[PDB]
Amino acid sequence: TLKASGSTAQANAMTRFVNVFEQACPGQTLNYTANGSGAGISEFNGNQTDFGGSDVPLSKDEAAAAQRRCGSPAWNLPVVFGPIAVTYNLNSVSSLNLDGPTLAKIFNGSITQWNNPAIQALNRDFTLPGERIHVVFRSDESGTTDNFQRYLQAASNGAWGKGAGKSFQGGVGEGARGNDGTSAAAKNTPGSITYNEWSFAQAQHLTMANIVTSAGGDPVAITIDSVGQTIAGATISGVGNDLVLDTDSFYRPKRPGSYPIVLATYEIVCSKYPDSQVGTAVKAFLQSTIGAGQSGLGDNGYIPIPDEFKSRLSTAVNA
């Protein structure tokens, strides 16, 4: 029975990954604590867990930390993609469009009302209400937050004016803990605006914003337009069975009807675990996770094929 913790973005998927795993390997299971990428790398580096789930790969300072943790180099192994929804709560509004620049101004607090003309210019077919916007952010160390702020940096033509990384840089709104804390609260706070992985926005039945793009597109999240994006992501950088991905192309696409806000969730593991028994259970799960465990179709986005012979080969090399 493995132990693991980390990103909440991969929490609904992991329920399927573990179930598939407990079927694949009868008598074996996995314990996942969904607590944020921040808590995922720290607990892995502290020799608390067997692998860690994180939407950001290790920085060079954490990579060394994991090397001492491991006695061997640590690998960033991506197993699922998470589209990042911009969820909102406006009664009778099922049709919202938002672009990078006005989505930056909302989350950095420059825009405080829903019928603000930047919001209204993008929404020509209906009148916005004169009511206040309630931004909801993540209060803990978060990979959804890192990726989402990087999208805002890339796609907002400077309107964001803030940094990225695992803590929210907006200076607006209120926090909640984990992807479940913000989806639940947004649903519960009228006027609310937040950012969630696709699975959380669905199971709470939150309206999701259509994102106006650099390409002259106006896409909803769907299978075809997330993949479209995912297509230009490179399984380079890493050297490597360390499949660190480059997704910088995601946030300013040129091919329309591509949906620009997408993260990948990594399992962070030891190339060689000090212990034989650990490195064997971690590889099984990950053989399964990338194998039968990759249906999705609903809440997440399965790993595409050009990446898979690289990934099957790196999971086959664990310990």
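Residue numbers here begin at 1 and follow the sequence given.
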| property | result |
| --- | --- |
| Mean C-alpha temperature factor, higher of 23 to 31 and 281 to 289 | 23 to 31 |
| 226 to 234 set against 180 to 188, stretch whose average Cα temperature factor tops the other in the entry | 226 to 234 |
| Identity of residue with top Cα B-factor, from 213, 113, 120, 149 | 213 |
| Member of 167, 127, 89, 97 with the greatest C-alpha B factor (per the PDB record) | 127 |
| Ranked C-alpha temperature factor of residue 273 among modelled chain residues, by third | highest |
| Chain-relative CA temperature factor third for residue 58 | middle |
| Third of chain Cα B-factors occupied by residue 14 | middle |
| Chain-relative CA temperature factor third for residue 218 | highest |
| Within-chain third of residue 265 by Cα B-factor, per the entry | middle |
